[PDB]
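got an experimental structure here, sequence first:
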Amino acid sequence: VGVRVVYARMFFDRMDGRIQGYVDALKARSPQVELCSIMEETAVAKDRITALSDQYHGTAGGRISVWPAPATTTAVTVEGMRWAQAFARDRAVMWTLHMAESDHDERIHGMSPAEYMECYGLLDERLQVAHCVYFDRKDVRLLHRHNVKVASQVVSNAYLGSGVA
Amino acid sequence: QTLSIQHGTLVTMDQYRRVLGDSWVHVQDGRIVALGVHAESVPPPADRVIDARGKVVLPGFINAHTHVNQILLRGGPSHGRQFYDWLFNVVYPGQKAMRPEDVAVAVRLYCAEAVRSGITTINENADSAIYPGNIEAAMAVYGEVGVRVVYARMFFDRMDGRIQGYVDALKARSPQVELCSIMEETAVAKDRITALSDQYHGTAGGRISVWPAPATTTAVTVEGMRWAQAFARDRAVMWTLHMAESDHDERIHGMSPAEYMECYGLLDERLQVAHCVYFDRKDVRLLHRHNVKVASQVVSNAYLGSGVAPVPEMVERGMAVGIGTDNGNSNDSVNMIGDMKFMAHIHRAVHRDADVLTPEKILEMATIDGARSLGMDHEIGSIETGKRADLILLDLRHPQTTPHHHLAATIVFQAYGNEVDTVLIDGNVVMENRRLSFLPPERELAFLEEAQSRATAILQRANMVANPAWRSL
Amino acid sequence: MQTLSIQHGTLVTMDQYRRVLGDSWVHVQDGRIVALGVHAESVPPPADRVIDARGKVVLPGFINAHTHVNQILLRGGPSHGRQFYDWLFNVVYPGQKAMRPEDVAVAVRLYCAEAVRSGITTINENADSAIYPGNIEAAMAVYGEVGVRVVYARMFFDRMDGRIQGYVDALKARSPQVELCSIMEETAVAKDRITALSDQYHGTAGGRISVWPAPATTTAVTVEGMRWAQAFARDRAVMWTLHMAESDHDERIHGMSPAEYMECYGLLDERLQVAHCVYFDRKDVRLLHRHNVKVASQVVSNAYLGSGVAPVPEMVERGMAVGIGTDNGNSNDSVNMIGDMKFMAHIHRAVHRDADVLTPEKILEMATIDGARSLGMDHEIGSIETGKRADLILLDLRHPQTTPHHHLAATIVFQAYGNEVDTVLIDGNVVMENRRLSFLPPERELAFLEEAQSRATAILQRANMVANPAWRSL
Ligand SMILES: [Fe+3]
Ligand SMILES: [Fe+3]
């Protein structure tokens, strides 16, 4: 096609046991539709993403890139996010993460996702966060301090009834 | 022995709030035995006369809730952190790294600053009493120094499994600093505190007291709190508890801490609660109903980013609300006058009301009301016959306190905290013309260098960053 | 050609890289900082005098971004417990009116004594009493003698706000024996008087004194008056300043915010310094930001008068130049930069429920380099850099309250009381040394304070103001 593409390969290496009951209820809305899991072991994800990068990064005349994309702060281990952060740094690319897209997400371990990331040194200039709806003054400040990049999905935030970033 | 304080302006904080120009106080065997006006009466003869000419005499300030040892952790390591972040990455590890000889220095440093700022009574909430030799080291210094001390021995007998993941995350901020636990079995705590009380309660000429201090409603069992409540009753003292200091400390078992305590019959007139930031109208009502005493740590509540307690609401209901400086390292000063000023302003600002708390009232919080909040208002907090001679002399002959007409206003809105000149505790001269009896000027600089050095070493031992990199945002 | 060397200090430069230089020295000549160095790497030049700063911390002099001096004689009982307009009309105006020039001279010396003691080297005097004859002359003589750096922002009012009359009459009934005063003046009269004042005093006392026009507020000044001030500032390469939205009775001029109104008339520019931003919304901040408007935040005073809490963190996070002002000597009621810095740090942490909303470093910047920026003077003052003026202070942290100390900004903001300043240089001149004031020596201090006390008492008698109200707990 000839389009310029960043292929941000998403991964999930952690079960969020807190919201299963809520998901089972949601599934009952369409019970004939199957409940799916795309979880994978941390090491398997690393391997798969590294392989993908080695194979496709820089291809199609420089038009294609590959980044690691830990899905969210609740669906990914600290080890997984640290890996992605290191990977972005070592290969001069970015890493990206979905952050606080619903009200069921906006606490992880008694703090905001941005706060939690700050605790583990996970906010840096090579991070691009997506979905900043459930953000407070402090979260903004943290992202600003570390020069975090942002992608706002304004229409979608509306479509899904999340709100306004 | 006898002491006569003469030609002062007496700000009594007595029943009628008398302010007595050119007047005198007669002190004997640690008690205020008489007062008079110089124009109407002649002071009794006395062993010693202190000339207070052109000076203001107050009851000694009362620090309703504080933590002393932590003072060695101020100066860089302690700021910028929410309550639990501060607690687990700074306070616990730092305290753990402290040796008894370090504690002795901390206490003397704290007292030096406190007395300098007019503070005569201290409610020490002691979280490091669990470590061997610490109590003995501290008590020796409190005794020597001559300050009036409530030693509130804190205990924790219950794990709060609910906040584990939060804490682990917080610890990752300083992963080189140890995660510490000072938990102890209920019976062990009872024994240790009872022993401590038996040994030290009433010592240093009645100047030292001991109370039980269940840490919080989430870190202490019902059995533990009931024991403390009963203990206070049986021994005619108080018990104290930290209540709702962060939004994670908010709801215990689906209700507020005050609600939870009410359920178990744990709110009574001998309870002094500290930290009332996360309080609602109902919580206030409950505390009011049972005549619970309060200590407000207004500066610290700000320092740690907790928020602003409903002090005016409590005060307007006649509740006994004292002022506490809180930790030496969540303030980061031990200066009642600076904290009074802050109490006055923060509440004016938030309520958008320039008269929400009169300076008179703020001054009452620091003195007579504070005494009340410690259950000690029969013994201290005012210049009245029969009460202990805990007294302070202020000199307003400085630029910042000029002019002065209304004394409360001048003290609250103008004074910096360096205007206290002479301090008497239990009739003993503990400071005179800013010269400290327990830390003479020829020894002062060397002592501060020792405190600096030990502090630095404590931080090395605890693996704590003393001086973080310049940071504007 | 005369010279001064400050040695063996820790230099907190507030320079471009925020350098903190241990065991280092500063060379001063002809009022300017001419060099700096580290003792281990270099030898200080010879100098006429050496000041040993061993074991001491060297900072740029604090900058009081917005204050009112003369009112200091009205502190001590008469001034507290009142909302802005109550305070203004029952205390400030009548009290100021009752002041004679000899009274003003004492006020200014007392103010300066306290200020210099607390490390303040530059003062933005918003002068509301310049309309009374002899006052300017008396004040300027003292500012000059004392050696402080002064911006004299001559306030004017050329417009009656008829909307607020009934409110004021009701307020006056609180103290009906005190006179209702007006300091209004015709637009052209104000222009003439300010222009004369500028011509006469701008640049005097060895460059230490400046003059700015100061239209009081958007409701008390005509558009023509504000435009004039704006043009004046531009033409004479100075600033103009305006009090903006300090009470909820101000918050709406002609159906919009003061900032909105000013925007409509092209009255927001980079030479404007606004004071008091309590009643600000997002949009107001945005407007100020767009035009690079400078700000002075009077955090303590906003509390004292029960106005509220300004959105300082919001403005600072946008890189705006926000300085700290102590405001009135009688709406604080101290002249103590260190105490006010502490308050700035805490009030905003508390309200935002955020322990790190403003770093102590940032607070310290507000008091120094950022404050200089907010006065349009950051090329001359606010940091320890070669080429800038030698406005410098020495702090001794060898006291109980500032022990221990590791991180200097944290220590100063969270621990220091304001009495730790030792030596103060302004424009290279030694104005205070070991707490001994050059313009108020210790053998003369107590007598002077007794004079200030007396005069204050007398001023209140003349104005028929209650000095010491009855004890009141509720
Ligand atoms: Fe506490
Ligand atoms: Fe002002």
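Perfect, thanks for sending it. Residues are numbered from 1 along each chain as shown, chains lettered A, B, ... in the order given. Ligands and ions are numbered 1, 2, ... in the order given.

nearest residue to the middle of chain A?
residue A:97 (2.4 Å; Cα atoms, centre = their mean).

ok and the residue in chain A nearest chain C?
residue A:138 (5.3 Å; Cβ to the nearest Cβ). Where C-beta positions appear, they are placed from N, C-alpha and C, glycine not excepted.

phi, psi for the residue nearest to the centre of chain A please.
phi -150, psi 140 (degrees, to the nearest 10).

tell me if I'm right that it and residue A:75 touch.
No. Contact criterion Cβ atoms under 8 Å: residue A:97 and residue A:75 do not qualify, at 9.8 Å.

residue ranges for the helices of chain A, please.
Counting by DSSP state H, chain A has helices at residues A:20-27, A:42-56, A:78-90, A:113-119, A:137-145, A:154-159.

just put those in JSON lines and tack on distance to chain B.
Below are the helices of chain A laid out as JSON lines (distance: least, Cβ to the nearest Cβ, whole Å):
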{"stretch": "helix A:20-27", "distance to chain B": "17"}
{"stretch": "helix A:42-56", "distance to chain B": "18"}
{"stretch": "helix A:78-90", "distance to chain B": "8"}
{"stretch": "helix A:113-119", "distance to chain B": "5"}
{"stretch": "helix A:137-145", "distance to chain B": "5"}
{"stretch": "helix A:154-159", "distance to chain B": "26"}
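
most packed of these?
Among the helices of chain A, the stretch with the highest mean neighbour count (mean count of other Cβ atoms under 10 Å in any protein chain shown) is helix A:113-119, at a mean of 25.

what helices and strands are in contact with that helix?
helix A:137-145, helix B:164-171 (3 or more Cβ pairs under 8 Å, 6 or more residues apart in numbering or on different chains; DSSP states H and E).

try it again at 10 Å.
helix A:78-90, strand A:95-98, strand A:127-130, helix A:137-145, helix B:164-171 (3 or more Cβ pairs under 10 Å, 6 or more residues apart in numbering or on different chains; DSSP states H and E).

nearest to residue A:44, of those?
helix A:78-90 (11.0 Å; Cβ to Cβ).

what angle sits between the closest one and helix B:164-171?
30 degrees (axes from the mean of the first three to the mean of the last three Cα atoms, to 10 degrees).

for helix A:78-90, packing partners?
Counting by 3+ Cβ pairs under 10 Å, 6+ apart, helix A:78-90 packs on strand A:5-11, helix A:42-56, strand A:64-70, strand A:95-98, helix A:113-119, strand A:127-130.

distance to residue A:19 added to the ones you listed, as CSV?
As requested, these are exported to CSV (distance: least, Cβ to Cβ, whole Å):
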stretch, distance to residue A:19
strand A:5-11, 18
helix A:42-56, 21
strand A:64-70, 18
strand A:95-98, 15
helix A:113-119, 15
strand A:127-130, 20
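
contacting residues for residue A:119?
A:78, A:109, A:111, B:85, B:166, B:168-175 (Cβ atoms under 10 Å, 6 or more residues apart in numbering or on different chains).

residue farthest from the centroid of chain A?
Farthest-from-centroid check, chain A (Cα atoms, centre = their mean): residue A:32, 28.9 Å.

does the residue of chain A closest to chain C touch residue A:118 like I think?
Yes. Counting by Cβ atoms under 10 Å, residue A:138 sits close enough to residue A:118 to count as a contact (9.5 Å).

anything in contact with each of these two?
A:111, A:112.

in chain A, which residue sits closest to chain B?
residue A:110 (3.6 Å).

what residues does chain A have near chain C?
A:136, A:137, A:138, A:140, A:141, A:142, A:144, A:145 (Cβ under 10 Å from any Cβ of the partner chain).

burial count for residue A:38?
Using other Cβ atoms under 10 Å in any protein chain shown, residue A:38 is surrounded by 9 other residues.

check contacts around it.
Neighbours of residue A:38 in contact, by Cβ under 10 Å, 6+ apart: A:10, A:11, A:12, A:71, A:75.

can you give me phi and psi for residue A:15?
According to degrees, to the nearest 10, residue A:15 has phi -80, psi 140.

find the nearest non-adjacent residue to it, please.
residue A:39 (6.6 Å; Cβ to Cβ, 6 or more residues apart in numbering or on different chains).

cool, and residue A:83?
Using Cβ to Cβ, 6+ apart, the closest residue to residue A:83 is residue A:46 (6.0 Å).

my guess is that neighbour contacts residue A:11. True?
Yes. Residue A:46 is within contact range of residue A:11, at 8.6 Å (criterion: Cβ under 10 Å).

joint contacts of those two?
The contact lists of residue A:46 and residue A:11 share A:40, A:68, A:80, A:83, A:84, where a contact means Cβ under 10 Å, 6+ apart.

isn't the fourth one right up against residue A:49?
The reference is to residue A:83. Yes. Contact status for residue A:83 versus residue A:49: in contact at 9.0 Å, counting by Cβ under 10 Å.

common neighbours of those two, please.
With Cβ under 10 Å, 6+ apart as the test, residue A:83 and residue A:49 both reach A:11, A:68.

for the residue nearest to residue A:83, give me its contacts.
Residue A:46 neighbours (Cβ under 10 Å, 6+ apart): A:11, A:13, A:40, A:68, A:79, A:80, A:83, A:84, A:87.

so which pair among those is furthest apart in space?
Across those (Cβ to Cβ), the longest gap, 16.0 Å, separates A:40 and A:87.

residues contacting residue A:82?
A:70, A:76, A:120, A:121, A:122.

out of the residues you listed, which are buried?
Buried positions within the contacts of residue A:82, assessed by neighbour count (16 or more other Cβ atoms under 10 Å in any protein chain shown), are A:70, A:76, A:120, A:122.

dump the residue contacts of the last one.
It refers to residue A:122. Residue A:122 sits in contact with A:70, A:73, A:78, A:81-82, A:84-85, A:95, A:97, A:113-114, A:116, A:146, A:148, B:172, where contact means Cβ under 10 Å, 6+ apart.

do the second one as well
By Cβ under 10 Å, 6+ apart, residue A:76 lies in contact with A:10-14, A:16, A:42, A:45, A:69-70, A:82-84, A:97-98.

go on, the third one?
In this structure, residue A:120 makes contact with A:73, A:78, A:81, A:82, A:85, B:169, B:172, B:173, B:175, judged by Cβ under 10 Å, 6+ apart.

state the pair within these that is farthest apart.
So, the contacts of residue A:120 by Cβ to Cβ: farthest apart are A:73 and B:175, at 18.1 Å.

what distance separates the start and the end of stretch A:90-109?
Its first and final residues considered, stretch A:90-109 spans 29 Å by Cα to Cα, to the nearest Å.

can you give the distance of that stretch from its chain's centre?
When C-alpha coordinates are averaged (Cα atoms, centre = their mean, to the nearest Å), stretch A:90-109 and its chain have centres 4 Å apart.

check which residues of that stretch are buried.
Result for stretch A:90-109 [16+ other Cβ under 10 Å]: buried residues A:91, A:93-101, A:105-109.

what's the answer for stretch A:6-17, then?
Buried residues in stretch A:6-17 (16+ other Cβ under 10 Å): A:8, A:9, A:10, A:11, A:12, A:13, A:14, A:16.
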